[PDB]
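Sequences listed follow chains F and A, in order.
Just remember that the deposited numbering sits 249 ahead of the position in the first sequence, which is counted from 1.
Just remember that the deposited numbering sits 249 ahead of the position in the second sequence, which is counted from 1.
The beta-carbon is built from N, C-alpha and C at its ideal position, and this holds for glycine as well.
Working notes for the structure below.
There are 2 protein chains.
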Amino acid sequence: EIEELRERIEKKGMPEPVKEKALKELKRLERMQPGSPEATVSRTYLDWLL
Amino acid sequence: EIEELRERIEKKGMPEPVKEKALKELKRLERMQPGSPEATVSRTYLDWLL
C-alpha cells in the first residue's frame with residue numbers, strides 16, 4: 250500500500266524533479282521499519298505529494 | 250488493559266477521523282517496549298483521547 254502509491258502519483262502527470270525527490274524519500278522509507286515513528290510522517294509526506 | 254482500552258475506543262462514541270489513528274498507534278504500541286518514555290507519552294495520549 251506504498252507500492253500502489255508508486256503508480257498513484259503519475260496518474261495526473263507528475264513532473265520529474267518532484268518524482269525524483271519522491272524516490273529519494275522512498276529509498277529513505279524502505280529502510281525504515283514499521284516500528285520506526287517516522288513512517289506515518291513520510292506516508293503523510295507522500296500523501297501531501299498527491 | 251490493552252484490550253480494555255481497545256474496547257473503550259468503541260465504547261465512548263469517539264468519532265471517525267480519530268479512530269484509525271488511535272487503532273494504528275495502539276497497533277504501534279503493543280509490539281514496542283512499554284517502559285519507554287515514548288511508551289509513556291503514548292499511554293498518556295491513549296489515556297487522553299479516551
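Query	Result
Inter-residue spacing [alpha-carbon to alpha-carbon] between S291 (chain F) and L298 (chain A)	24 Å
Min CB distance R292 (chain A) to chain D below 8 Å	Reference to chain D is not applicable here, since the protein chains of this structure are F and A.
CB contact flag (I258 (chain A), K273 (chain A), <8 Å)	no
Whole-angstrom C-beta distance between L275 (chain A) and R255 (chain A), which should lie under 8 Å	7 Å
CB contact check: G284 (chain F) to chain A, cutoff 8 Å	yes
Contacts of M281 (chain A) in chain F (Cβ-Cβ under 7 Å)	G284
Start and end residues, alpha helix (DSSP H) containing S291 (chain F)	288-297
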